[PDB]
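Peer 1: Take this structure, written in structure tokens, and hold onto it; I'll ask about it next.
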Amino acid sequence: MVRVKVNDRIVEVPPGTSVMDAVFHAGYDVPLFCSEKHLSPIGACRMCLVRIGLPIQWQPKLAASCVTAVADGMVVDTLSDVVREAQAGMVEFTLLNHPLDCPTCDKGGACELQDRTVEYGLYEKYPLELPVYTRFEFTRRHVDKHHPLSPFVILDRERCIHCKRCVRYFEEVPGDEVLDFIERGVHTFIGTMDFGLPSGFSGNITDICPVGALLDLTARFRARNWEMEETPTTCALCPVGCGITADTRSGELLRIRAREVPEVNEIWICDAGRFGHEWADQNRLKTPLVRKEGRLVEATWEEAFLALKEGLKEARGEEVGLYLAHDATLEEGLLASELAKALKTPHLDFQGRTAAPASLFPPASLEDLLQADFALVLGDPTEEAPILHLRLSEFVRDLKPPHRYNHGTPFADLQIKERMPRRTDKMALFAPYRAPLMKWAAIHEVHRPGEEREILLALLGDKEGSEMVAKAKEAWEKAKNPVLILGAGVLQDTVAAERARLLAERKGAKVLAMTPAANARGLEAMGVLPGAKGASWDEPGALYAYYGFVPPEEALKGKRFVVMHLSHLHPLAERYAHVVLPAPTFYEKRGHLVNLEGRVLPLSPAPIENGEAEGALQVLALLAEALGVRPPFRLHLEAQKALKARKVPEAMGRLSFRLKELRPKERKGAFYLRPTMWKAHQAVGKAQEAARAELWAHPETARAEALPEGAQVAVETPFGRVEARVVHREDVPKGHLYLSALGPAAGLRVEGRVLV
Amino acid sequence: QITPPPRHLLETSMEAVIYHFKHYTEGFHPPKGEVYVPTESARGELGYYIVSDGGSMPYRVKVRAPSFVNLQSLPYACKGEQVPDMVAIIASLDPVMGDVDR
Amino acid sequence: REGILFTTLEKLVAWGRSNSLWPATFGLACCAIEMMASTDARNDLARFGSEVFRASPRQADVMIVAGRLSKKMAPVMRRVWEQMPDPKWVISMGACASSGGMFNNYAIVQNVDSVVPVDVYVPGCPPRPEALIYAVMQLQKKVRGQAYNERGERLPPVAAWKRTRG
Amino acid sequence: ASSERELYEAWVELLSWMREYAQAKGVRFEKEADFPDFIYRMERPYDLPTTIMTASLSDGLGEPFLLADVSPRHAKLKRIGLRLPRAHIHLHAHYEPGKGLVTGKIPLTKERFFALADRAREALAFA
Amino acid sequence: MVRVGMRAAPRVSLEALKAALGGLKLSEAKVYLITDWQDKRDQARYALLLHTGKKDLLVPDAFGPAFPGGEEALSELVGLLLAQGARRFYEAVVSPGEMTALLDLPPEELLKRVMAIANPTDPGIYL
Amino acid sequence: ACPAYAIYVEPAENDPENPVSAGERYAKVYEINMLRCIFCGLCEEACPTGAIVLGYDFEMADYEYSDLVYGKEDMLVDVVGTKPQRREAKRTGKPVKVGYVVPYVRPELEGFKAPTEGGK
Amino acid sequence: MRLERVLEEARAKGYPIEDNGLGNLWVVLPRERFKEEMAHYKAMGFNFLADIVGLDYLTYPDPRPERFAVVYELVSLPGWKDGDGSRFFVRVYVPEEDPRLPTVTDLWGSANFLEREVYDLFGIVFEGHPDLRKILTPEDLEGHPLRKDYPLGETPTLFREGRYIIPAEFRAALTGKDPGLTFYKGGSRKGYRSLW
Ligand SMILES: COc1oc([C@H]2C/C(=C/C(C)=C/c3ccc([N+](=O)[O-])cc3)CO2)c(C)c(=O)c1C
Ligand code: SF4
Ligand code: SF4
Ligand code: SF4
Ligand code: SF4
Ligand code: SF4
Ligand code: FES
């Protein structure tokens, strides 16, 4: 390693290190505006200037520590009066045309310019002499203000200090260049001719902007950065489980932000995770309902449990179903599992169970993916497991995990230059539609549903596929340690998953399975799958049932007793359900989940207004009491003990579990349930048109079926009746209608009809 | 860094607004160190032992309460004196139990 | 007999108890010096009838929580309240007593309505002697049955009459 | 000198013109920003006729095509400035007494501003 | 430390607490009625932590007039604790969102916090 | 900057047609718990717009904790009297007289109408 | 005059001499030599024992030798028999799991109350004390408040309709271990000192 010295301190540091990371690694400090973690440094703000001697031979001008590499035996000066003087001057030049909007600025206390100004600004000039703050007394720059860039993002071009973070992000991380400057000189400003902000990862600039330029509309003017109650937790909408920060105050959800955990998500959150919170704090069920005269009435927990005892008294344990949600915790999965061990029942399931479990395959860490050679992808990461995309963005640009300093993730990685090329030879994608990543996957072929299995047969070598499939086959044979990545569509078809397992077992290769359910791997690990009889989450097999999600309407039709444990009140539930009870969202829960990489993640409770809600742990404990069976779990601590007994490691620990069992089920092909980032229950408020449903058709098939390019067509699925806007698309095969799967119902091919 | 901007140039200078905002939400950060200086109040030597860790809030403040130790001389002074004079000798000891109890 | 059950006598005895309010000082902190100053020769609560000041609790009707109520003093003051004749009233003086005040910690009772039934609340730090005169007049008209709250209700003459002592 | 007064006074007239166009062509006009040296005056006196400093004409898609700004009450080189975003067009207008509002030496008449705004509307507006 | 009773079931909580209490002498024990919103008792909900010194007992938020029969069950509860000789009564004021997570923290943390935040109370406010 | 943390402010965005505040932001809900408030002047000192300024009323003695949270429309300069004083004048039908006199009101209290030493 | 001889005595025996540029002096003695050295200190002419300040460094940003630390103040009054005015401090660290200390009550009776306070506020038991009884905190109070792992134990502030505050979640001021609301705090918010 390279030896560096900052002002009194000497540090061993790997060679490719930036002077900024080495300075912070030594314990000193220097401003930072233009550069940002995971962003290509380019010297713009000129704040990180230090002094450098490389033998005593001081450099003539101050070196930009953001874009400068380090050499052995170098002296760095950040405390000389010259450095602080120059830094104060640059702070003045930055504050030059600022609007004086601090007190009403939504950025409030968490504004980098404020803190660096009060840190380094106004050097002590040499008395009791009266100081003057600013010299610039001229007419300041005025541009357009509170400019809504998108239903979630608002843009104030006056507060922009002309860094590059948002445009650099958009070019590098998502690969969607939908933001860049317009003019030059001091007249420069951010603008776009792409207005909707098409990228689905647009929300992350909301955090990066060191000023209040780009702000969250859905959380605009609620509270100041300190007034909010910050509770770090994990998002359970999808299996990547990025680390988030839930900002809550006075019982309502104010704003959701990114929490850095480089093992999984670096500093990023998706739009569905970050702006998809309007449903939590608006309308939700707070008092248990009981059915007395064929209608639901508020009830005491005592009277609800009385009705529970009477309704389940004559119940034999092989007719009771345990059907949980996809966000069911390890604690909950374990208690339902053990209870079905005691209570002999062949049918329990969970919301996003695949015909072939994701535990079939070896889990891979994302950084392993960065080190990998190849990625044979079947399905769309950007929708199925969003932030995978972002890691693919490092994967294909040859990026690799950086070296780890004392202050954690490095401030200036010299590995990331600007305008970096994205390689066409490092990944191959096969999807039923043309994914945003197909630009960067030279090997790409658009097929139709249920057709992967043939590509996988072709990759194994039993038959011959197209040119694209032969290219992916060859590149998969030649790669020394590739990654096979399976979407949702593959995971729901037994043969395709079987051939994937065979392919990725014969070649030493790990798998990243994008389940429609987040904690599907944890529920599998805890053993929540049906037995022989096996009435699945979509099957009408049981006679009494417990539901923590909303089943297809044919699942409720026919049962003798149905108890749903929801958070909202659903029309689907007040026509077939006998008892409804309030459940808290993952935002206000506590427990563990299992990542798509096998990694267990903590849920802390946030102080949101839950009502009289009770967790499925306590609900199942009370629901078994009507049946005689005693529950072993009521609390979190006992569940921790029984987990630790089951040998599931501590948080951030990866859970080792493999599985050999397939439950095949035929699939009736008329409509496709497009895997979507935006989820059904998120269509409240500003995400109402963003999380809208679509029905994609080819122009010929629309012309034959009479589907206009803008029509709100009502469509009936076994999973309910929903209306959906109709889109004409050239990549949708003829004869199929891709219906937006706004739930963990993706990858399913179902019958259906357009109602009039 | 130690004084908020004067109230009149809050509408002219950016540094004014930033310094006012910061000073009145966060405060200021004195250097790391311990300090103590004594003064004479109507009840004697007084002082604050201030431990600062360089943060916006003091690490510790320990107060030498003159009325606190000045009270040790109660059993002594009024020993052998009268029972009523135990009241006059307490009034003459001048305690302020906000200082003792603290 | 509780000063009730006659259209004339209840008015008469409420008059008597209200004007002859005899405070029982419990001097605790800096609020209590503002309670003492309400008797000096510039602004004296020595007119409405509160000239004399019964230090014994067996002889006084008004107990004023004057200062921060540290927890080690909570029970003693409790019994000082229980050592009062039943026709007794309690005013909560200051912010430290009414609510937790600025001292929001392990050492202070965060509302003295916990240990004693409060009649009147009087904010201030310390509430100006003239605010204390206003509160004793508030209580004056309260025990005559001449007090109404924000919600439209007339308030009972004597608080600490509605509590099942134990 | 005292010309200062009429400047801000004249500014209000300008706003009227701007407002008029919105009512004329049915395109969104918006008050962008008020005077900070008017918000942050606490007890201090304020004699100016209006407190509004920046406004703009936004299209249906929200992007403005015409920006107008005035120098704050205490700032040096007091003027009024105009700009067309995306078109690198800027104007420095002053007021010469007796003549009227002049862009340098050329008077700025209402008709000039109206034609300029219509050219911007046809050119820069997206929808 | 044991957790008996259940949320929002005042009568079942009271009967289970009757049974689990037994003949336990409370001469030196401590009763912490934890709630939110100091002033408004007419709509209050209550938890209980019983710190005997030799083992501790937990009752979740099931008592108070906020629940049907929580007022009568809380009256009976305080009468039961007072019959057994309790003299030291406390009340803890927590944020509503705390009340839920405070029953899931380890015993040392939960109990330390409660003892630090406790307010001496007159049981007459619950009888 | 409140050492008791007694001040509550929910914000909102001005309506251009009928704005409430000067900027783009106003105070929908402004509560101060006078039983928490210790009367520092730190809210006056830190207010950049000069809105929140201490007055002169001390006659705010009331009976109920829940009622001693003085709101926005309970403190405006337009209002003449304290909560129990206004309720007494309403349930009494007799106008409000404040029981204090000052030599003059400060320039920070522009609009504060009060009895000044006997000028009226 | 005696302070110079104190320094010459302690520096000769290799005890660290702590000094800030403000004019106050610290002298750190080890546990063994503590009692005998400070007895010699009183014999050296130190009339007055001002303070006993106990310290808990559990949450201090920089590490320190031991968690608890007790500081005594020895002074000789200027206006008494032969008063130089020499005042100085003695710091003595006390381990986290060994809260011991011999008393100087026998020398100065002032350590009667003061040490009790440090036993009341911190877990530090003072050896040789006549009466180590809780002074300030309630008799039934469990624990020692001033140590950082002991809660401050706050209560929320109350408002009209469900609107509350949790001050520890409300504080914008930063402690020493608080990273700040931005990525970090450098410069003048990591410590600032004017040069007169
Ligand atoms: C004495 O000083 C002080 O007191 C107190 C408490 C005790 C107290 C007593 C009496 C007796 C008042 C009293 C005075 C005069 C009359 N009177 O009828 O004239 C009646 C009663 C009032 O506050 C405190 C707290 C204090 O810290 C100091 C330094
Ligand atoms: S971006 Fe920062 S410096 Fe600029 S107005 Fe907002 S808080 Fe003030
Ligand atoms: S809008 Fe924000 S992130 Fe983008 S260039 Fe300006 S200051 Fe940087
Ligand atoms: S990618 Fe998944 S886990 Fe991450 S924020 Fe989006 S929905 Fe949540
Ligand atoms: S409210 Fe103020 S004056 Fe009264 S006891 Fe508390 S600190 Fe002292
Ligand atoms: S004067 Fe202002 S800052 Fe001080 S306690 Fe009252 S509300 Fe808080
Ligand atoms: S100049 Fe912006 S950080 Fe190097």
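Chain identifiers are assigned as A, B, and so on, following the order in which chains appear in the structure tokens; residues are numbered from 1 within each chain, and ligands are numbered from 1 in order of appearance.
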What residues of the protein or nucleic acid chains come within 10 Å of ligand 3 when you use only C-alpha atoms and all ligand atoms? Reply as a PDB file with C-alpha atoms, in the first residue's frame.
Peer 2:
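Saved result, part-v3.pdb, follows:
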ATOM      1  CA  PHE A  33     -19.929  20.064  -3.547  1.00  0.00           C
ATOM      2  CA  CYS A  34     -19.258  18.767  -7.056  1.00  0.00           C
ATOM      3  CA  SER A  35     -18.251  15.197  -6.213  1.00  0.00           C
ATOM      4  CA  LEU A 113     -24.191  24.339   1.509  1.00  0.00           C
ATOM      5  CA  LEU A 155     -37.546  21.882  -9.442  1.00  0.00           C
ATOM      6  CA  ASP A 156     -36.284  25.309  -8.281  1.00  0.00           C
ATOM      7  CA  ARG A 157     -33.584  26.396 -10.736  1.00  0.00           C
ATOM      8  CA  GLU A 158     -32.526  29.325  -8.526  1.00  0.00           C
ATOM      9  CA  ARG A 159     -31.269  27.067  -5.734  1.00  0.00           C
ATOM     10  CA  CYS A 160     -29.106  25.056  -8.170  1.00  0.00           C
ATOM     11  CA  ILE A 161     -25.406  25.870  -7.627  1.00  0.00           C
ATOM     12  CA  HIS A 162     -24.461  24.200 -10.938  1.00  0.00           C
ATOM     13  CA  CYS A 163     -22.966  20.933  -9.803  1.00  0.00           C
ATOM     14  CA  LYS A 164     -23.430  17.892 -12.084  1.00  0.00           C
ATOM     15  CA  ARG A 165     -24.968  15.328  -9.729  1.00  0.00           C
ATOM     16  CA  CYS A 166     -28.432  14.904 -11.289  1.00  0.00           C
ATOM     17  CA  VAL A 167     -27.299  14.788 -14.946  1.00  0.00           C
ATOM     18  CA  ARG A 168     -24.292  12.598 -14.034  1.00  0.00           C
ATOM     19  CA  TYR A 169     -26.587  10.210 -12.145  1.00  0.00           C
ATOM     20  CA  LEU A 179     -32.055  15.911 -17.343  1.00  0.00           C
ATOM     21  CA  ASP A 180     -29.355  18.332 -18.471  1.00  0.00           C
ATOM     22  CA  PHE A 181     -28.546  22.030 -18.589  1.00  0.00           C
ATOM     23  CA  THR A 188     -27.191  28.065 -17.114  1.00  0.00           C
ATOM     24  CA  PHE A 189     -30.143  26.154 -15.693  1.00  0.00           C
ATOM     25  CA  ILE A 190     -31.448  22.620 -15.476  1.00  0.00           C
ATOM     26  CA  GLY A 191     -34.226  21.720 -17.902  1.00  0.00           C
ATOM     27  CA  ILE A 205     -31.612  12.907  -7.212  1.00  0.00           C
ATOM     28  CA  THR A 206     -34.142  14.131  -4.646  1.00  0.00           C
ATOM     29  CA  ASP A 207     -31.599  13.105  -2.037  1.00  0.00           C
ATOM     30  CA  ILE A 208     -28.408  14.025  -3.934  1.00  0.00           C
ATOM     31  CA  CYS A 209     -29.104  17.729  -4.766  1.00  0.00           C
ATOM     32  CA  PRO A 210     -27.017  19.560  -2.114  1.00  0.00           C
ATOM     33  CA  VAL A 211     -29.664  22.295  -2.346  1.00  0.00           C
ATOM     34  CA  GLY A 212     -33.456  22.410  -2.279  1.00  0.00           C
ATOM     35  CA  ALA A 213     -33.757  22.468  -6.053  1.00  0.00           C
ATOM     36  CA  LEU A 214     -35.231  18.992  -6.621  1.00  0.00           C
ATOM     37  CA  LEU A 215     -37.669  18.185  -3.813  1.00  0.00           C
TER      38      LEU A 215
END
Peer 1: Any idea what's packed within 8 Å of residue 32 (chain D), counting only C-alpha atoms, ignoring anything in its chain fewer than 2 positions away? Could you give it as a list in words?
Peer 2: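 The residues that qualify are residues 144 and 145 of chain A; 30, 34, 53, 54, 55 and 56 of chain D.
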Peer 1: Need to verify the contact set: residue 119 (chain E), 6 Å, only C-alpha atoms, exclusion of same-chain residues closer than 3 positions in sequence. Can you return it as a list in words?
Peer 2: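 Contacts, in chain order: residues 109 of chain C; 90 and 91 of chain E.
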Peer 1: List every residue of chain F that has an atom at most 10 Å from any atom of chain A, and for each one report the closest atom pair and its distance in Å to one decimal, counting only C-alpha atoms, with rows sorted by chain and then by increasing residue number, as a Markdown table.
Peer 2:
| residue | atom | partner | partner_atom | distance |
| --- | --- | --- | --- | --- |
| F:8 | CA | A:227 | CA | 10.0 |
| F:9 | CA | A:223 | CA | 8.2 |
| F:10 | CA | A:222 | CA | 6.5 |
| F:11 | CA | A:221 | CA | 5.7 |
| F:12 | CA | A:221 | CA | 5.6 |
| F:13 | CA | A:221 | CA | 6.9 |
| F:23 | CA | A:104 | CA | 7.7 |
| F:24 | CA | A:104 | CA | 7.4 |
| F:25 | CA | A:104 | CA | 6.3 |
| F:26 | CA | A:104 | CA | 8.9 |
| F:47 | CA | A:103 | CA | 9.5 |
| F:48 | CA | A:103 | CA | 7.9 |
| F:49 | CA | A:103 | CA | 9.5 |
Peer 1: If we count only C-alpha atoms, what is near region 7-13 of chain B at a cut-off of 8 Å, once residues fewer than 5 positions away on the same chain are taken out, given as a ChimeraX atom specification?
Peer 2: /A:100,133-134,137 /D:36-41,74 /F:48
Peer 1: So which residues are near ligand 6, meaning at most 7 Å away with only C-alpha atoms and all ligand atoms counted, given back as number ranges by chain?
Peer 2: F: 1-7, 32, 36-44
Peer 1: Which chain C residues have any atom within 9 Å of an atom of chain B, and for each, what is the nearest pair of atoms with distance in Å to one decimal, counting only C-alpha atoms, rows sorted by chain and number, as JSON lines?
Peer 2:
{"residue": "C:28", "atom": "CA", "partner": "B:97", "partner_atom": "CA", "distance": 8.6}
{"residue": "C:29", "atom": "CA", "partner": "B:98", "partner_atom": "CA", "distance": 6.6}
{"residue": "C:30", "atom": "CA", "partner": "B:98", "partner_atom": "CA", "distance": 8.0}
Peer 1: Please report the interatomic distance between CA of residue 192 (chain G) and CA of residue 28 (chain B) in Å with one decimal.
Peer 2: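 Computing it gives 8.4 Å between the two atoms.
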